[PDB]
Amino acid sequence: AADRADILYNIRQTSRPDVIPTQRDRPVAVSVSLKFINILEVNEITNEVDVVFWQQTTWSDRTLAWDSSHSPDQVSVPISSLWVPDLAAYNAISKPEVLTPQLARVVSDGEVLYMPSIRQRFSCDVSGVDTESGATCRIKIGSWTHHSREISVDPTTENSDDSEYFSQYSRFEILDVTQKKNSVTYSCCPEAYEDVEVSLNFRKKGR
């Protein structure tokens, strides 16, 4: 028998927040998916947008696993007691603002899920935002210090209303949201850094 006080106590005795949980030599698989909740500010001249989205993140950590046959197989743990992917938005022009409790969910099998709601300003193409076709703002999010051999980032291609949780009170509306995978190399070093290109096709409303 075991409770939540133990599941956490154990996570503390095993988790290494500062050490990436690289199973064997295989890189840590990190899935990234953004759920656009709102579009607060847009500047058709400076090409900047202020958005609110849930940055759904999922990865795995073996050392945190535990037998949940007689205890819960999931618990909410502060991200501070857990290693977290140093994901970053390459084209963000403001520090990320986390609007929610910074708590992740850990499953008895090492599965970890973190989904904070974030408000952030980005630098992207805002042209055509006031037309029927709308504009497309691409946001590149991927690890900042871990390359392909250490961390890998893949989106979540599937069926889902790109504006399922989008505020109906926004002055904008979402037309389409596609998230593809890609890599980023630099004119210095050979190693590339996997990322996810989230393409946001939105437009201003007009009755």
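One-based numbering along the sequence shown.
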property: Higher-scoring stretch by recorded Cα B factor average, 110-118 or 70-78; result: 70-78
property: 20-28 or 5-13, whichever carries the higher mean Cα B-factor; result: 20-28
property: Highest recorded Cα temperature factor - choice among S33, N159, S143, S167; result: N159
property: Largest Cα B-factor, entry values, listed residues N182, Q56, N38, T46; result: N182
property: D154 CA temperature factor, ranked by third within the chain; result: highest
property: Among modelled residues of the same chain, the CA temperature factor third for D176; result: middle
property: Chain thirds of CA B-factor: placement of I139; result: middle
